[PDB]
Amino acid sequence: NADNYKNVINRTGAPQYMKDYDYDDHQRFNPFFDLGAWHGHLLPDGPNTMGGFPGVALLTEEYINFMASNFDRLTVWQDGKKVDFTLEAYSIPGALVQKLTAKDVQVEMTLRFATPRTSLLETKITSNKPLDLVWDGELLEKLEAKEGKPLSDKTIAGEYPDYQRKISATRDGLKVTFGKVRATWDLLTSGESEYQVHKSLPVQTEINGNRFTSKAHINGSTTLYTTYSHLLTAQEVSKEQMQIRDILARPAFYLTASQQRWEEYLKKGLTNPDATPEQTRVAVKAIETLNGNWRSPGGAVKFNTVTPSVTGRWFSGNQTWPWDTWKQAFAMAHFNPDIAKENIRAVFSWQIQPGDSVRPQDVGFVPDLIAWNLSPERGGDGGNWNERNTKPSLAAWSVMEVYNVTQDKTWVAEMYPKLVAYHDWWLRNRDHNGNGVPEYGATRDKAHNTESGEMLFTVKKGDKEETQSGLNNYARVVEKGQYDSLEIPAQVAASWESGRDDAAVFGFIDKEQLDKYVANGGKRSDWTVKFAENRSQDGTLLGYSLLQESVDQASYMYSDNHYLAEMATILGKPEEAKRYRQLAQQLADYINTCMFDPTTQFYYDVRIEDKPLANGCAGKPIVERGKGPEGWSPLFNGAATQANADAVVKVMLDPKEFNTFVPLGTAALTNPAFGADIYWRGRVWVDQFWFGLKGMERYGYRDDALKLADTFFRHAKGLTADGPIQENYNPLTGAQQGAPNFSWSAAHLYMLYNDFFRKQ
């Protein structure tokens, strides 16, 4: 089956820089990774790289960095003359293949992964006469480029003097060793990491600086085996040796194991018999993408996980977020459920437990960002590890989907208490006014407050700054309004917690847009989101909330309660199920009463006003900031009444609001802060699009969802081509932007293939 899907993504390339970046700093080639391994390979691009799989990509703990262009590249010699081959090279799901053809000599190479640290190359040489084999390679020298244009003349060795890359011969191949580099934002090595090449036949290896040549003579047709391993610690180096020996003793078993594992992914995954071949191929792209972003345990992360992009500037190594994980695992449930389960475990594996040394006030909290290296507060030197905030919770929805596919009640039993603790955390730490309806917010953290717990902020006016602290001081400053801007680290973290960093609803609007809004009769203070601290009975600082209750947030809490009730029932906990159903109903009632605006036929966030409205709502819907995809969150999550859903769908299907060339973007065309190139104020993301279609379908509009899905399929640029999957689209043009090989796009593209794409 895998052979029906050649070169779904262009995996050719010959990188020339360690950071061989696209215009947004992501690696501009798409290496093949499998089995959660920490290195990847590219296909040759023609004569310069033919005979090898160039572009060894190393996942150095938290980043992707190229090691070499040619490395272990084969040329074949006959009586001193190089054999002249033609090249065929292609990817399939789970393998890279290249075939070199001459009249009297042929070479067939197959590269698959064998372990979570090791790939295996079969080199089959067919020849009527003896031959001399030569393998060569060279470490990269140049540091960084942007779309082929050097960003400087810096070298790798110049930029990282301690990297100290060294190639050495070994008895059965060679190795590259690396010194310890703790470049927090660029390059992270233990000082014990290595890249090893082991072969099934003796070779004589000569090293000259950062290049090597290995030589062997064969008397005729021979098949050899080579392992490549990136090993990140001394312990990994030691453990892998026995695995390498087993692979070389049974190479055909490892090739077969990979073949079979990939046939199973395709069998389990490709279940839409009404899909066109083009639609099916998109599903295969998504499967290749998600599986390549899977990482085996490493460092502080004791589980397999999936990152947002193995090639991403800030998304690589094993960096894991909850938001991305819920979407990832929902999709992967349908083809790689073992890793879907692991990805969810990874996120909860650092869930705050009672007596925590850093944040005992946050029991049940799930960190925003976990990775190889712990934060300094937890004894590591990682700069990415983040506990300033979490992300919106679709955790129960994700856990349920894995159950829906596997029917494994022990999985539900495993996750239920963790889901409950998270649920409880939202109600203690993200409900400033105690009404059962959460806000996005932030934690107590060294970035947010002084040693004594005073909230940090910086008041900016002209070129003058003023770093102050304390909530009451902040409150005065907002009241007086004599500043150009206010930077509150905790409120920045609250924007991160929402998952939509620059959305209109959270008060983000550029100067020109705001000047227009004000010039058309609005007040600039309409765009000010007030902020508050959350304290326990005894005065303890629990964290912070926006003084605003978000309709997507409320709808995800509805969802959380809804799925918990279903899991409670599955687990024979009927009184717990009853309580969750009651909490869901209350949230639905609040969403429909408080957050729906009849006049504009849509849902919106509400402010937490100084006093609640007479009807008990915390504030009026914030209609003046315009419409966004949060407006269909009550439909996606099932909190909406039919009547309110009918009203919302009419707005979604209006070309003057959301029914754009690529439909269901992150702000309506009528939103005062709309821009077609603004990530969270116009651009279309596949998750929000799919949430929209699902919400429509849920309320009787399957036929219209199917039509929007066809529109997306026809207008979303690049969908049927061989480029990597990116993050979002211009709603007016269909143009793509974002990190290549982006997991949650892949996940929702997969869902669309499963749920909505079909032959017309």
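From 1 onward, residues are counted along the sequence shown.
*Asks:* Averaging the C-alpha B factors as listed in the entry, name the stretch that ends up higher: 632 to 640 or 675 to 683.
*Replies:* According to the PDB entry, the answer is 675 to 683.
*Asks:* Given the B-factors recorded for C-alpha atoms, which segment has the greater mean, 395 to 403 or 173 to 181?
*Replies:* The deposited B-factors put 173 to 181 ahead on the C-alpha mean.
*Asks:* I'd like to know which of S152, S316, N384, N343 has the highest C-alpha temperature factor in the PDB entry.
*Replies:* Of the options given, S152 has the highest CA B-factor in the PDB entry.
*Asks:* For the CA B factor values reported in this entry, which option in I339, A300, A249, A618 has the top one?
*Replies:* Answer, based on the entry's C-alpha B-factors: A249.
*Asks:* Would you check the entry's CA temperature factor for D324 and let me know if it's in the chain's lowest, middle or highest third?
*Replies:* Ranked within chain, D324 CA B lands in the lowest tercile.
*Asks:* Sorting the chain's modelled residues by C-alpha B-factor, tell me whether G734 ends up in the lowest, middle or highest third.
*Replies:* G734: CA B-factor falls in the middle third of its chain.
*Asks:* Going by what the PDB entry lists, where does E122 fall on CA B-factor within its chain: lowest, middle or highest third?
*Replies:* Tercile = lowest for this residue's CA B-factor.
*Asks:* Can you work out whether the C-alpha temperature factor of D45 puts it in the lowest, middle or highest third of the chain?
*Replies:* It belongs to the highest third of the chain when residues are ordered by C-alpha B-factor.
*Asks:* Ordered by C-alpha B-factor within the chain, which third holds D20? Give me lowest, middle or highest, please.
*Replies:* Lowest third, going by the recorded CA B-factors of the chain.
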